[PDB]
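Colleague: I have a structure here, written as structure tokens, and I will follow up with some questions on it.
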Amino acid sequence: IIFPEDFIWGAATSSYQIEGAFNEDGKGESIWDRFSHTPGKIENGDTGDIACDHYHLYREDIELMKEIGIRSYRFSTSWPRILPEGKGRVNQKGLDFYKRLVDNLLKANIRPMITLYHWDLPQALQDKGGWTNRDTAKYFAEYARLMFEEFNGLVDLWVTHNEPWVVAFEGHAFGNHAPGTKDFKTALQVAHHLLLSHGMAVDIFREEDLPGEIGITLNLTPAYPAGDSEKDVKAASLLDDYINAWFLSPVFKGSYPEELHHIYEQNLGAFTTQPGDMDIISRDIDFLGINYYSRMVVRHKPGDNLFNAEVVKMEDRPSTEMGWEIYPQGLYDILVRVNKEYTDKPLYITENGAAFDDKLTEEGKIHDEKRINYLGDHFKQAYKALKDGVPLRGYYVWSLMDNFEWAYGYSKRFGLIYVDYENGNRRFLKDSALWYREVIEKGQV
Ligand SMILES: OC[C@H]1O[C@@H](O)[C@H](O)[C@@H](O)[C@@H]1O
Ligand SMILES: C[As](C)(=O)[O-]
């Protein structure tokens with residue numbers, strides 16, 4: 001098992017999950033500032049106020065990146081740190097932080113990949129309806145243009161959006177994520193505008209003529225029938241469209257999946273679109289980012305919901321601390337399917353990783369063998385996909401460091417690096433980081 005010597009091994013983070021400095025240097029409020037400061041939304045009342053304090057500690061963090069030897073670092077930029085009101089006047093100190101960060105990465109021979117939207121919408125824009133207001137799509141594109149202009153010739157890997165399914169449905173249907181709305185109709189309208197805003201930024205990227213590549217990042221969860229039933233097969237197919245095709249088809253085919261679109265429209269009524277929207281959404285892009293963690297096993301169940309389907313708990317299979325099934329085969333299956341059905345463009349795994357109950361020992365080590373076994377098994381499936389002709393160019397581990405795991409707060413640790421929050425926010429390389437270091441040196445698992 002040996003990867004190409006130029007294969008792009010990396011690690012990933014996001015702004016709200018690591019930066020801290022939540023109201024420092026003119027930064028505006030985000031929907032995740034607001035949400036986490038709302039009682040009962042986050043486990044243990046955790047907030048991202050300080051988190052890993054990467055905003056002040058980023059130089060030390062880049063030293064640790066160099067120790068592991070990652071070739072690329074995927075991070076997101078905070079829209080409200082740069083444009084506090086979401087539009088209007090740039091906050092120069094906020095922008096200067098990312099200019100310093102990128103200069104330091106380039107000096108370290110670490111190739112940056114910027115995610116423009118990793119969920120921290122300006123609260124100023126949420127007060128005008130957030131993603132149900134089509135203007136939010138326009139202002140996102142304007143923010144994209146600013147960033148393209150400022151990092152022309154410095155950043156050549158760009159992702160518009162991280163996981164629009166999650167933003168739409170966890171954020172607005174089930175209310176587990178900011179802004180915390182619980183209305184499925186709103187979630188559909190949101191999804192459309194996220195997709196729209198993506199295409200709008202792609203158009204601007206081409207016009208600005210920067211050197212480099214632009215794409216989008218989707219969480220993809222492959223679905224499997226619980227049984228041989230032709231009804232279990234249709235059920236899994238529908239849930240596969242719910243999560244995956246709902247965003248894959250618009251981006252690569254210029255249409256929503258037909259049956260599911262019908263089902264939604266019949267029960268909820270139509271969400272608002274303008275003519276030509278599917279043309280914008282489906283602009284040609286340069287790569288697809290895939291975030292993969294697990295699968296879903298699905299059985300038919302007429303009653304409970306709109307898809308007449310429920311997900312089966314695989315209780316006799318190993319799982320992570322999140323309760324997610326460990327299922328490395330799913331990473332191969334989804335890479336192969338995307339390449340077969342949707343696109344021949346380069347693919348990146350922009351996230352894969354796992355939470356386990358990490359214990360810091362009585363001097364500074366973390367023996368997270370479960371994480372080593374998890375990543376190893378998934379690296380092997382990526383290799384198999386490669387060998388079978390999938391144009392996989394890179395693999396980013398989630399995460400470079402322990403961080404704020406959204407509604408779970410700091411209770412869930414995904415890092416290669418342990419963050420000892422209470423003790424000066426000090427960092428410790430886990431065994432999995434030492435392991436990943438060996439993999440990258442050799443290009444061999
Ligand atoms: O759940 C762990 C990670 O999963 C991915 O889907 C998200 O993009 C990350 O922000 C998240 O922390
Ligand atoms: C992606 As098209 C040309 O069918 O709108």
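Colleague: Name the residue from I243, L218, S255 whose Cα lies farthest towards the positive end of the charge dipole of the range 208-310, charges +1 on Cβ of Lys and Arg and -1 on Cβ of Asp and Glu.
Modeller: Value computed over the given set: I243.
Colleague: For the range 222-227, in order, what is each residue's ³J(HN,Hα) by Karplus, 6.51 cos²θ - 1.76 cosθ + 1.60 with θ = phi - 60°, in whole Hz (x at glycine and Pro)?
Modeller: Residue by residue, the range 222-227 yields x, 10, 10, x, 4, x Hz.
Colleague: Would you please classify the overall shape of the range 234-297 from the alpha carbon gyration tensor, given that a ≥ b ≥ c denote the square roots of the eigenvalues, rounded means a/c under 1.5, and beyond that prolate means a/b larger than b/c while oblate covers the rest?
Modeller: Oblate is the answer for the range 234-297, as a/c is 1.5 or above yet b/c matches or exceeds a/b.
Colleague: Also, quick follow-up: Under 5 Å between amide H atoms, partner at least 5 residues away or on a different chain: which partners does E213 have, H built in plane at 1.01 Å?
Modeller: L157, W158
Colleague: Could you give the dipole magnitude of the chain about its Cα centre, charging the beta-carbon of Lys and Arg +1 and that of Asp and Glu -1, in debye to the nearest 20?
Modeller: Here the chain has a charge dipole of around 260 debye.
Colleague: Calculate how large, on average over all directions, the projected area of the Cα convex hull of the range 95-194 is; give the answer in nm² to one decimal.
Modeller: 6.7
Colleague: Would you mind getting me the FRET efficiency between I1 and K87? Use the beta-carbon distance for r and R0 = 45 Å, nearest 0.05.
Modeller: 0.40
Colleague: So how compact is the chain: Cα radius of gyration and Dmax in angstrom?
Modeller: Cα only, the chain: 20.8, 62 Å (Rg, Dmax).
Colleague: Pairs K66/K99; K66/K340; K41/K345; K66/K359: which exceed 30 Å Cα-Cα? All intermediate terms of the calculation are to be shown ahead of the outcome.
Modeller: Values: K66/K99 19 Å; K66/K340 36 Å; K41/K345 39 Å; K66/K359 24 Å.
From the list (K66/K99; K66/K340; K41/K345; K66/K359), the Cα-Cα distance tops 30 Å for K66/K340; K41/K345.
Colleague: How about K301: which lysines have a C-alpha closer than 29 Å to its C-alpha, ignoring those fewer than 8 places off in the same chain?
Modeller: Leaving aside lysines fewer than 8 places away in the same chain, those within reach of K301 are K182, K185, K231, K234, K313.
Colleague: Between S30 and residues 5 or more places away or on another chain, which pairs have amide H atoms under 5 Å apart, with H built 1.01 Å from N, and which residues are they?
Modeller: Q123
Colleague: Could you compute how fast the range 1-159 diffuses translationally, taking Rh as the Kirkwood radius over C-alpha pairs and applying Stokes-Einstein at 10 °C with viscosity 1.306 mPa s? Give it in µm² per second.
Modeller: Using the Kirkwood radius from Cα pairs, D works out to 96 µm²/s.
Colleague: Find the centroid of the Cα atoms in the range 1-61 and in the range 147-181, then give the distance between the two in whole Å.
Modeller: 13
Colleague: Ranked highest first by the average count of other Cβ atoms within 10 Å around their residues, in what order do 413-420, 201-208 fall? Don't skip to the answer; put the middle values down first.
Modeller: Numbers: 413-420: 24.0, 201-208: 17.8.
Top of the packing list down: 413-420, 201-208.
Colleague: Can you sort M401, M314 by how many other beta carbons sit within 10 Å, fewest first?
Modeller: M314, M401
Colleague: Would you be so kind as to identify all helices of the chain, as entire DSSP H runs, whose Cα atoms reach 30 Å or more along the helix's own axis and whose mean Kyte-Doolittle hydropathy is at least 0.0?
Modeller: Length and hydropathy pass: 184-208.
Colleague: Mind checking which of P318, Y117, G199 is farthest towards the positive end of the chain's charge dipole, using Cβ charges of +1 (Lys, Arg) and -1 (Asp, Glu) about the Cα centre?
Modeller: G199
Colleague: Quick check: residue separation of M322 and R206 times 0.36 nm, minus the Cα distance between them. What number comes out in nm?
Modeller: Stretched fully, the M322-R206 segment lengthens by 37.8 nm.
Colleague: A further question on this structure: Using a Förster radius of 25 Å, what is the FRET efficiency between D420 and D25 based on their Cβ-Cβ separation? Nearest 0.05, please. Don't jump to the answer; show the numbers that get you there.
Modeller: On the way: r = 26 Å, r/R0 = 1.02.
The calculated FRET efficiency here is 0.45.
Colleague: Specify which residue in the list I8, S399, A108 is farthest towards the positive end of the charge dipole of the chain, using unit charges on the beta carbon of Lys, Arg (+1) and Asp, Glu (-1), about the Cα centre.
Modeller: The residue sitting most towards the positive pole is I8.
Colleague: Computed FRET efficiency, Cβ-Cβ of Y342 and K387, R0 22 Å: what is it to the nearest 0.05?
Modeller: 0.60
Colleague: Report the label-to-label distance for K313 and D49 in nanometres (one decimal), using points 7 Å from each Cα along the Cα→Cβ vector.
Modeller: Result: 3.5 nm between the two label points.
Cβ atoms come from the backbone with ideal geometry, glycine included; neighbour counts cover every protein chain shown. Read-outs throughout are calculated quantities, based only on the coordinates presented, and are distinct from any laboratory measurement.
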